[PDB]
Every structure is written in structure tokens, then in C-alpha cells.
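Below you'll find only one chain, the form deposited in one PDB entry, shown as C-alpha cells.
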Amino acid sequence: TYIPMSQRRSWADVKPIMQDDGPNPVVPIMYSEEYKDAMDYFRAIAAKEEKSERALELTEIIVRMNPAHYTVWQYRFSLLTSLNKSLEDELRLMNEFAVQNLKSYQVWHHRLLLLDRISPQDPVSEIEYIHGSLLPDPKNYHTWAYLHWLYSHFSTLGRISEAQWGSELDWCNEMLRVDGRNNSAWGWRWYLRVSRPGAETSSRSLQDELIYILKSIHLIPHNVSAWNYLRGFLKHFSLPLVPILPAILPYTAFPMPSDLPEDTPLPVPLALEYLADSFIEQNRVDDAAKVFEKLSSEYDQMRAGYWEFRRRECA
């Protein structure tokens, strides 16, 4: 049985303020008694700008009912800082909250603000939590975005050691071993190996990277993630396509294809895209046009128009 806040002694001094929809509003939501009452009192709290423990409690009650309520999240963080509350306690409360609300923009941003403010000398514990939180959904977009921010923010402060970067690549390698079709982990590899400011670029690091990419393609020839990564890699480092061509030619019918795995129908459309682009690199515009037309006519007919556009580009 719900006890209204107008009957609670701790709220006696507070006059609730009603929602100001105006006359006959469109898209009205039929709120529960609990939610209407909580918001009636939140309106009064926010209006008077009260920063108190009872206000903090009320914000929790509300975000539990609506984890997307950005106004209430904003007010909650404002209370935390104002009252000099334990930010570590709040982060622990968010551990449960975040798992149940993976797609909530404001839950994930609340974590970010907390980590930014706590500003630990070593963020290792948060890194580990984040890795764990990816178990129920290895592709949760906000989580991957948050992981990127964490490493970028804390590396700027000089707080990510070489051991930390090393174990992060190890974890990323494991993610792609468990599911090589996880595009989110491929994206993270690109950050770790290519885009981050502190990434090593040597002729030997390029060699290793090519080996990893090629091995990945040979293991899963129809994996678009691996193909896109290869194309980005060569483009970013201005590397010619031709010298790698031997490793890719078999799919158009350094690590080489298997002596081919079962369930691998040929040709692989993106292998033909590679071959056509390699012809372009060689000034062989007619040979590229023929490959593009074949992609358009036979091998990737969903993209018939795009491949035709690419064919006309040669002619």
C-alpha cells in the first residue's frame, strides 16, 4: 500500500507543484500514483533549488521509475557534488543500474561524470568493470563509446601505462577470438593499434598488423568487419594493394588461404572489390570495369546500381 508524500512527516513543509501541461495536452502519459507524486514533489524541490539528502533520495526513486529522465539525472549529480557525497558509493550503485539499463544515455553519462570528478590516479578498476559489463551484450554501443572516452581522458592525464595498453590489446584479442564478427571489438582494435596518439608506427608494427588482418580474413573469409579493417588499414597508411593481392586472389574465383574452409562460396564480393581497386591502382581501368560490372550483374546484385556507378567511373 502506497503512502502519499503529503502524509509523510519528512515532507510536510513541502507544497507539491503540479505538471504544467496546459489545457488538453497531446501525447499524455497515464502516470502511476507513485510517479506523479514523486514528480509533484520534485517540481517543488527543483523550483526552490533545495540541495538535501531527501532531495537526493527522491531523485533515486524517480530514475528507478524512468532511467531516461535526463533532468532528474542532472539534478542528482548536482546534489552529489553540492553535498560532497561519496562518489565511490554512487559508482557502486551505478554498477547494478547500468547492467539493467544498457541503452540509457544518461546512466552511461552519469558514470562518465563520476569518473571525471573522482579522477583516480589509476582507472584500472573501472576498466575491469567495463569489460565485465560487456558479457550480456558484447556490442553495447554506449559501453564501447565509454571505454574509448575512459582511455582517451585518462591517457591525456598520463595515467595509462604501457602494461595497461598491453593488457587492453590482450583483452581485445580475446574478444575477437570469441567472436571474430564483433565489429565493436574491431573498432577498439583500430583505436588501440592505429588511431590513439601513443600508438607505435614502424615498418614492423605494420607487418604484424597485416598478419593479424590476413589471418582473420583466412579464418572467416565472408567477415565484412575484417575486410573493412583491411581496406581502412591500407588507405590510412597509403599502402599499395597489389603486393597483398596473392593472399586475396583465391577468393575472387604473409598468411595465405587454407589448403578452403567448408561453407565458403566463391567469389567473395569484397574480394572482387579489392581486385577491382587493385586494377584501378594499376591504371587498368577496363579490367576494373569488368569486375565492377560482374559485381553489378551477378555476384552482389543488391548493390547493382552502386557497382554500375563504380563501373561508369572507370569508363
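Numbers follow the displayed sequence, beginning with 1. Heads up, when I say rigid core I mean the largest set of C-alphas that superpose within 1.5 Å between the two forms.
Although it is not shown, the form deposited in another entry is what the next lines describe.
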property	result
Sole member of 192, 224, 234, 102 with a C-alpha shift of at least 2 Å between this form and the one not shown (core-superposed)	102
Closer or farther: C-alpha pair residue 103/residue 56 in the other entry, relative to this form, given a change of 3 Å or more	closer
Direction of C-alpha distance change in the other entry, residue 99 to residue 191 (at least 3 Å)	farther
